[PDB]
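Note sheet for the following structure.
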Amino acid sequence: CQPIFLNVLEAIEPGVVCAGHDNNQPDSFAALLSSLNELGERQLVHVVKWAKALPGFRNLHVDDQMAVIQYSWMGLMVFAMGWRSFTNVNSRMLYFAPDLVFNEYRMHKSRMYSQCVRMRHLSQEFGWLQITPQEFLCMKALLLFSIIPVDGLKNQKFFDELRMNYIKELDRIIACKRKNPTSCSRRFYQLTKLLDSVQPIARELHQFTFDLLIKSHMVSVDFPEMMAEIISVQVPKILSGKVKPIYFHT
Amino acid sequence: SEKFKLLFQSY
Ligand SMILES: C[C@]12CCC(=O)C[C@@H]1CC[C@@H]1[C@@H]2CC[C@]2(C)[C@@H](O)CC[C@@H]12
């Protein structure tokens, strides 16, 4: 038998994305953030194309399709970035883009050093936990179905069904090569725990970007069109508690 | 949301 699911995830996995950052200029907060915002914009495009091509994704109500994307983009991009950092530079730095790699010095200048160390720890997790390329792909797909609005979705039933299936596929990935149900359970524990630790980080980044937007005109930080729109219309909903993450643990 | 919508629409 062949893995139809994993073949799809592997096939739709977006390629390298550049930030268009001028590494010839001395570092500065304005330039670093303004570049991260541009990077975010670019990656968003790929995140849309990626998601639209996910198994059973089109079964979701068109409105819910756009919603889960606007709520989880952060966690998805942070998770994907933590993985590039582990596979490209063995977590020595934050590999946001080939043309935008952060060392402690840059983490500091970005004024979000603590958050960055958080992401470095996340990057190292892929190592200590020995996260296979396949487990990663499935984990990322799942993060798109990890943050729902308290008032519920247009069609909350479909989402629950879809999300369920992806968890079912993650059970298969873990079940593969593992014959004992205890090690299967023990592994699910670790992955779900790892997937949860992504939310606190996303939250901090959500809050940080939110404030940055409000005082952007004062600190000379440029926000791309969509970025500003999402952060001012969707992000606030998460920060105000109207939209919440789905943790596996408490 | 109005810009993300157009992006979403045209893939
Ligand atoms: C999602 C991005 C950009 C894509 C990525 O690899 C992860 C990274 C996490 C920090 C985000 C950044 C986009 C721009 C943001 C939102 C800044 O405004 C502050 C936090 C930045």
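At a glance:
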read-out: Total residues in the stretch A:1-54, condition away from the ligand (no atom under 12 Å from the Cβ) and among the aromatic types (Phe, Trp, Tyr); value: 2
read-out: Residue check for A:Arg92: basic (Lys, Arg), within 30 Å of A:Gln156 (Cα to Cα) and more than 13 Å from the chain's Cα centre (by Cα); value: no
read-out: Flag for A:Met107 being more than 15 Å from the chain's Cα centre (by Cα), of a type in the set (A, V, I, L, M, F, W, C), surrounded by fewer than 17 Cβ atoms within 10 Å (Cβ to Cβ) and assigned to a helix (DSSP H, G or I); value: no
read-out: Subset of the stretch A:209-230 (residues that are away from the ligand (no atom under 11 Å from the Cβ) and without any contact (Cβ under 8 Å) to a residue 24 or more places away in the chain); value: A:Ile214, A:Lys215, A:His217, A:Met218, A:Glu229
read-out: Helices (runs of 4 or more DSSP H) enclosed by the stretch A:145-250 - at least 1 residues per element that are within 23 Å of A:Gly82 (Cβ to Cβ); value: A:156-175, A:181-196, A:198-214, A:225-233, A:235-239
read-out: Qualifying residue in the stretch A:80-91 (condition: in a helix (DSSP H, G or I), more than 16 Å from the ligand (Cβ to nearest atom) and away from every other protein chain (no Cβ under 14 Å)); value: no
read-out: Pairs with Cβ under 6 Å, 6+ apart, first in the stretch A:64-75 and more than 10 Å from chain B (Cβ to nearest Cβ) and within 13 Å of the ligand (Cβ to nearest atom), second in a helix (DSSP H, G or I) and among the small types (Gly, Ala, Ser); value: A:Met74/A:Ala202; A:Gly75/A:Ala202
read-out: Identity of the residue in the stretch A:24-58, in contact (Cβ under 8 Å) with a residue 12 or more places away in the chain and of a type in the set (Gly, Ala, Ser), that ends up farthest from the other protein chains (Cβ to nearest Cβ); value: A:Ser28
read-out: Qualifying residues in the stretch A:174-224 (those that are surrounded by 12 or more Cβ atoms within 10 Å (Cβ to Cβ) and of a type in the set (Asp, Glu)) - the one nearest to A:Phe126 (Cα to Cα); value: A:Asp196
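Here's the yes/no breakdown for (1) free of Cβ contacts under 8 Å to residues at least 12 places away in the same chain; (2) surrounded by fewer than 19 Cβ atoms within 10 Å (Cβ to Cβ):
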position	(1), (2)
A:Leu60	no, no
A:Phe86	no, no
A:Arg92	yes, yes
A:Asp99	no, yes
A:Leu122	no, no
A:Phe126	no, no
A:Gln130	yes, yes
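We did not get these values from a lab; they are worked out from the coordinates using the rules stated. Positions of Cβ are generated from backbone atoms using ideal geometry, with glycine treated the same way; all protein chains shown enter the neighbour counts.
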